[PDB]
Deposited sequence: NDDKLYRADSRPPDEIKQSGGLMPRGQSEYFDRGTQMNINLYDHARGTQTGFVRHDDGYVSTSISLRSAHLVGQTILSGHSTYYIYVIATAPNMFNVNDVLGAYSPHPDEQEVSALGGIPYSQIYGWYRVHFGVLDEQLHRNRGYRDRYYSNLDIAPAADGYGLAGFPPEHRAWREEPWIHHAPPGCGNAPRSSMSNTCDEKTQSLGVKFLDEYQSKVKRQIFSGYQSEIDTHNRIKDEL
């Protein structure tokens, strides 16, 4: 459906277009596998906000309302003269953090929804400007946004995320429902570091697969017919 998510960010629209979307920390471009960032939802969710709304460990966090994103924005970016609140379509790269991490969600009141690998420019509907902390209510629409494609999609179900939860190898969660049914090899079940390596490799595979879908959606419009 056409549900939206929201995120305050000092990175301006020009930078986001150049970067191919809203990136997690340490990632300069959306499609650049280059060298691989750590991907771990549990670590992402427990990251502290300094200059950015949570964007570490391979995910980019969003809120479920403009009001929430704005409030969170002002606690973090109040020193910025101008920042942006990006308006983001729901799609199956998004995981509801509370649902995936369950009782172990670290900031459950935040009700965050996090994009694995960041948010492609084509998934950004538009943006608001915020001045010193004061919201400009003018919604600037993103030309590169694809409405029919994204209005047909929802966030990922939590069951697609339980195996990506990223809890510590020996954490209780891996031997409990629901995660026990999704635990990567080495996570609560039978070379050191298997759980961490598998969690990472599962995240990379998810992102590789998801990127293929985005490429298909955008690049199919560069096809110029002949004869």
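- Of the deposited sequence, the ranges 191-194, 232-240 have no C-alpha coordinates according to the record.
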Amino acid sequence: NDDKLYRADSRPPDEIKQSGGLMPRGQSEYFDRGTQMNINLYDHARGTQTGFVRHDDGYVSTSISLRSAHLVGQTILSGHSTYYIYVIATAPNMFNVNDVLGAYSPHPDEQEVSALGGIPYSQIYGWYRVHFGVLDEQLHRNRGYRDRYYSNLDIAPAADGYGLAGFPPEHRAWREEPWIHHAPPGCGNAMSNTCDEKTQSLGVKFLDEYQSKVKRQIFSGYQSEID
From here on, numbers count along this sequence of modelled residues.
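- If you average the C-alpha B-factors over 91-99 and over 75-83, the higher value belongs to 75-83.
- Higher mean CA temperature factor between 42-50 and 167-175: 42-50, per the PDB entry.
- Of the candidates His55, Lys198, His182, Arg33, the one whose C-alpha carries the top B factor in the deposited record is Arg33.
- Per the PDB record, residue ranking by Cα B-factor puts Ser212 in the lowest third of the chain.
- Ranked against the other modelled residues of its chain, the C-alpha B-factor of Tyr104 as given in the entry falls in the lowest third.
- In the deposited entry, the Cα temperature factor of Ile16 places it in the highest third of its chain's modelled residues.
- The PDB entry assigns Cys187 a C-alpha temperature factor belonging to the middle third of its chain's modelled residues.
- Ranked by C-alpha B-factor against the other modelled residues of its chain, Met37 falls in the highest third.
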